[PDB]
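Structural description and commentary
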There are 4 protein chains.
Amino acid sequence: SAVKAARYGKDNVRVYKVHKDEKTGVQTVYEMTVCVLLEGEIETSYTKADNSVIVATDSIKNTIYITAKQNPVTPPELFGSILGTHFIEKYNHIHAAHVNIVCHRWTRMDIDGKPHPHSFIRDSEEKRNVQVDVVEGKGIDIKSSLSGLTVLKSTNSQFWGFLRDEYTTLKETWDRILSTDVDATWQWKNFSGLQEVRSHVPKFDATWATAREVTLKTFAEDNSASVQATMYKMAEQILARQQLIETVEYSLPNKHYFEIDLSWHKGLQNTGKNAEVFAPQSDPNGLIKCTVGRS
Amino acid sequence: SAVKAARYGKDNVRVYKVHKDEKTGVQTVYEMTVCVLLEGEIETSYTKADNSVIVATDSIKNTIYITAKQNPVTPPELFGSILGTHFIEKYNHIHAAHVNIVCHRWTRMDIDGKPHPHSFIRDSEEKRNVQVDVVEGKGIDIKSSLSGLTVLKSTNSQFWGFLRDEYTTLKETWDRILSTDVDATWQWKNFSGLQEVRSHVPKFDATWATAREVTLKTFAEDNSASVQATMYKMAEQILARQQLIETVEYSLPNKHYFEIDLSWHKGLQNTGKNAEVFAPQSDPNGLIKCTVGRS
Amino acid sequence: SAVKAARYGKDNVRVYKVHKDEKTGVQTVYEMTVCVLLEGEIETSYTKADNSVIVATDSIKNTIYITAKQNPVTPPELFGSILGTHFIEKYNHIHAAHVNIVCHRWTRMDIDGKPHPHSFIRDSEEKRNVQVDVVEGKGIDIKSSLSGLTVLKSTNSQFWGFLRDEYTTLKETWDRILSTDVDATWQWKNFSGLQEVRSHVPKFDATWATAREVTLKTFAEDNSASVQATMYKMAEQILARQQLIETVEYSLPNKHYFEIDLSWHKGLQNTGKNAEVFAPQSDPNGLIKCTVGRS
Amino acid sequence: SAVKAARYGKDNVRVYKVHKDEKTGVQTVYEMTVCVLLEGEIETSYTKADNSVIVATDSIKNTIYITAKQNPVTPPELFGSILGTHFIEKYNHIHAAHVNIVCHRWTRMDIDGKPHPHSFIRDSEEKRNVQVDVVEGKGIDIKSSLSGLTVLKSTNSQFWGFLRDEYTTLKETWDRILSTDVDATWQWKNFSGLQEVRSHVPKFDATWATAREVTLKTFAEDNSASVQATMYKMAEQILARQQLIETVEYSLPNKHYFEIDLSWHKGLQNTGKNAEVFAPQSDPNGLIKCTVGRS
Ligand SMILES: O=c1[nH]c(=O)c2nn[nH]c2[nH]1
Ligand SMILES: O=c1[nH]c(=O)c2nn[nH]c2[nH]1
Ligand SMILES: O=c1[nH]c(=O)c2nn[nH]c2[nH]1
Ligand SMILES: O=c1[nH]c(=O)c2nn[nH]c2[nH]1
Ligand code: NA
Ligand code: NA
Ligand code: NA
Ligand code: NA
Ligand SMILES: [Xe]
Ligand SMILES: [Xe]
Ligand SMILES: [Xe]
Ligand SMILES: [Xe]
């Protein structure tokens, strides 16, 4: 037998950082969960019990806190690139670092119509994420994403004209509820190293904001022919607005809400045009994916 | 042996209802999870296998959907009172109904600064809840609550002057992070029945809004001497603003964020006034409760 | 306003303890999650910002580890009684301690038919729990429980003869699946203090084992007329086998498995006597409770 | 823009099947959660709102139940292969099916030392899984796995001789706790189609059993030099015992248990050789992976 692939490191490292403006007294907080996995010339730790090649996972955890102390943690694309670059430059035998960051929302509170200097609210479990792969001699590959964005529209979704055969019971519809949890990922062109990532720093927050805005607007305004058709429209617009993105991937559950026939009870009408009360279904769910790239 | 207490019913009933304004085209959605448990002269179903006394839990589920079809579902205090009253009036041998409702957020989307007529976002896992106990000949007891409201302030929290003995290692502090998930419950004076609940309908949404506003403002503005002292201030204000409330209960975790000493690494300063990077602790957590009532 | 009730302390304290037999080399591990909440003359911490009355929650956490170091942690009824007694005896102004313990399973591995001296497996998320309330001058009240015991029988469950009215759609059945997660609690007679709890130490593990055995046997062997009837039989037997128990409480979900009609597809028969494939339902679920005591 | 990749289908389809032996009266239950995603000539549903190419996800759900009705559901490798083959053969324009199955434990109860004919217990959240990719003209690729197997050993784990630099605080140790949740995957050689999968049916359950047995034995008996070294030993043995496996992958968290220094309290000794009480850490955790293949 032989080691074909190996990676190891520290997962679920929770980090909080505060920035304090001494001039204005305004404080800003960032909270993230970080995972760092390394690859390189480490096979002998598995095959020969040779720990001399292992940067202890506890040391990786220390390094994450030290790096956060000495560098900005925003945008997360920059922080992940700095963190991953550190490991491949510091250790001769480590040749790749894989950094995943989940950013948690701490939104400044408005108290009496004014932004509060040091109080925050978690408005939703929506996350902003990055995956940064730093590979020695191959640059920095970054995938940025938003996840956990849960939306519903109560009309202006349709689904008809699908294949009907002896396995089909679903009725065609011209008016249904559509609800999903949005997972959207945009993949940046490969960067040659940290200097190039630094040169594009303003694009990271702007592109996140654009991806979010396009998702919400398209969902709300599209008279949707299917999840497939609506998600394609989203991906097309994001690619049009940011030339440094190579691909956009969406993964969308179709969270079903079923009509409830109440006609057995005193002829009560609660289907089709009379549908008012529905039963949200926890499972099963449709799952629709697509990756859109350039011609 | 004898049956000392018994209750049974249906839990985790998910319900969605849509309201459509034909004039404006505006749609409004409500989604809830409902539990109904009944009590009464039902001992023989346990002791003698006498199912004749059992209103099937499946029928309870049907009744919830039928009631939602025929009545408003908001405010939830009113809907729960209607639902509970139904069971004690319909069935001679059922003498109490216990209704718990969790309301999920579907907040209307703003697209280009304008409220969208039929698209919604789940902005946070914060819930608005009710517990309604309808007891034949004893009226309607309602407890209203908010839960899952997660907040953090990065300064203006202190904790010093506590008991110090041979079990104590905690250092006094004049500047710490304070973060919690707020669970707040206000208990209404007993209502004689549905007519009285109906007469107070406008107070339910207003009092929820007041409880939320007081919680957020007090948390943000109090230079907190302890969780205990801050929560008391919240409860005091709510009782002052709504005379029909008898008690206010708060249950608050103290979600700890620990300083990280980095001085072992090149004398890096990250404690006390130099603290920038902290480690959020998943467990253990302080848990502080109090119930405040009138003199 | 006035403080009507207050309690505070530390939740989610994870504790592991190992016992090492030096003679045999056999090691035994215990892992628990502990919560301790205190009550007493502590109102002024809420109303006057007087922290002098507060035993810091961090100190409570220390005390839990110190107590586990110096005392056996099994049976959990004994450990909880020792822990709660400590707080009311140590602190003049603390008059009640409320201790909740969840015990996690670490079951010794069998390797080649022989019990291993120091290796363990988590066989199921079933828990053994205690709630211990130690109240100065009122003794020690203990409720013991098992929870998270998930079972299913594929036949020998029936449900017919229930109330049928205009809200009823459920068909009577003489053969259905019955599946539940068992939550069972037995409440001990009040103990005068630690000496009396110590005198009954052997009864705690034996009664847990009896409660588990009776639950499993009765579930498997009863030709069940309803959840209600089967659970009563369980509670009756436990009370008969242990005179120091005053009440037994069961709380059982009815986790539904629905038939799937496949007759629309080539006349496929999958209902009633031909039912083979079913759809487990995640929600809603029946919920049935009862508390059984002595005549 | 262009569609670079697309797949869609139904996730979280819960299925239960019962087998009844009419001779012996013994019943056997199987419960699974199934996901099926399809690929093929479906781009136009995304780009042109052409639903004619879509096999509705609701129809996929129907097909899963119908297939379970007409075929054995065990071993899951066989069931997944049948299910995936169905879609690529039935639909001209569908060219790949991706089937994921999670099998849930329902273990027959022993009542009074005898196996019960129709009563079952969920002994642990450990799963047996398969991933089956059926690609037209490229055969059937199957990855089998076990996951959620949680183990702990209280001694006979060491970790010393790792890289020490200015980021390192971890002390070397010759005696520590080791606990993990095992995720192990074995990848079968490519099969040409259903006939070949059928010819190897007995190997699937046997290899699962071998993988489980090797994992448990090696974990319990290895005087572990690191997670890396122990996991390699496991993978090596599995490959030696089943020639039709090409690779074995393990992904293991290192779930840390920290010593608690209690010396500040009356010189209490609870570290090194005197360590009895430990603090399980919920996060962060080490994460160690490796893929082992043949020379
Ligand atoms: O087994 C281990 N492997 C590792 O890589 C490691 N790093 N810290 N502790 C560790 N333990
Ligand atoms: O055992 C049962 N008890 C009940 O009360 C019930 N209601 N519907 N199905 C049921 N099954
Ligand atoms: O606000 C607090 N209240 C408390 O009771 C406590 N105990 N430790 N830290 C604390 N902080
Ligand atoms: O938008 C949808 N896309 C689909 O593929 C599908 N299948 N059933 N319902 C559906 N809705
Ligand atoms: Na390197
Ligand atoms: Na009544
Ligand atoms: Na006392
Ligand atoms: Na095909
Ligand atoms: Xe969508
Ligand atoms: Xe607070
Ligand atoms: Xe039961
Ligand atoms: Xe391991």
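Chain A has the name Uricase in the PDB entry, where Aspergillus flavus is given as its organism. What the PDB record gives as the title of this entry is "Urate oxidase under 0.1 MPa / 1 bar pressure of xenon". Reading the Sequence similarities entry of the UniProt record for chain A gives the comment "Belongs to the uricase family."

**Details of the site of ligand 2**
Neighbouring ligand 2 are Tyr8(B), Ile54(B), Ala56(B), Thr57(B), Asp58(B), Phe159(C), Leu170(C), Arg176(C), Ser226(C), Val227(C), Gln228(C) and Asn254(C). Nearby residues around ligand 2 are contributed by chains B and C. Within the side chain of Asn254(C), one N or O atom sits 3.3 Å away from a nitrogen atom of ligand 2. At the level of secondary structure, the elements contributing two or more residues to the shell around ligand 2 comprise α2 (57-70) of chain B together with α6 (227-241) of chain C.

**Thoughts on the environment of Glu31(B)**
Position of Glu31(B) among the secondary structure elements: in strand β2 (residues 27-40). Taking the relative accessible area as the measure of exposure, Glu31(B) reaches 4% and is therefore buried. Sequence-wise, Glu31(B) and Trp106(B) are 75 residues apart; in three dimensions their C-alpha atoms are separated by 7.6 Å. Those residues in contact with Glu31(B) that lie beyond four places of it in its chain are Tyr257(A), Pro280(A), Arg14(B), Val15(B), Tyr16(B), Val102(B), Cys103(B), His104(B) and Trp106(B).

**Examining the UniProt feature "binding site: urate" in chain A**
Sequence positions flagged by UniProt for "binding site: urate" are, in local numbering, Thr57(A), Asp58(A), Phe159(A), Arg176(A), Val227(A), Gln228(A) and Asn254(A). The annotated residues occupy 198 residues of the chain and do not converge on a single region, their most distant C-alpha atoms lying 52.1 Å apart. Lining residues of the largest cavity, restricted to the annotated ones just named, are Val227(A). With respect to the secondary-structure elements, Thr57(A) resides in helix α2 (residues 57-70). Overall, the relative accessible area of 13% leaves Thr57(A) in the buried class. Non-local contacts of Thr57(A), meaning those with residues more than four positions away in its chain, are made with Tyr8(A), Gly9(A), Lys10(A), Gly286(D) and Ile288(D). Its place among the elements puts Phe159(A) in the loop between β7 (139-153) and β8 (178-188). The class of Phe159(A) is buried, set by a relative accessible area of 7%. Setting aside chain neighbours within four positions, we find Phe159(A) in contact with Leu170(A), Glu172(A), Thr173(A), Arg176(A), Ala225(A), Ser226(A), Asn51(D), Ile54(D) and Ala56(D).

Thresholds applied
- Residues numbered from 1 in each chain as written, not as in the entry; some residues may be left out.
- Chains lettered and ligands numbered in written order.
- Heavy atoms only, no water.
- UniProt positions renumbered as here; feature names shortened; annotations may be inferred.
- Near = heavy atom within 4 Å.
- Polar contact = N/O pair within 3.5 Å; in protein donor to acceptor, adjacent residues only side chain to side chain.
- Helix = DSSP H or I, 4+ residues; strand = E, 2+ residues; numbered from the N terminus.
- Buried < 20%, exposed > 50% of the residue type's maximum accessible area, 1.4 Å probe, protein only.
- Contact = heavy atoms within 4.5 Å.
- 1 Å grid on protein atoms, 1.4 Å probe; cavity = no way out; pocket = protein on both sides within 12 Å on 5 of 7 lines; lining within 4 Å.

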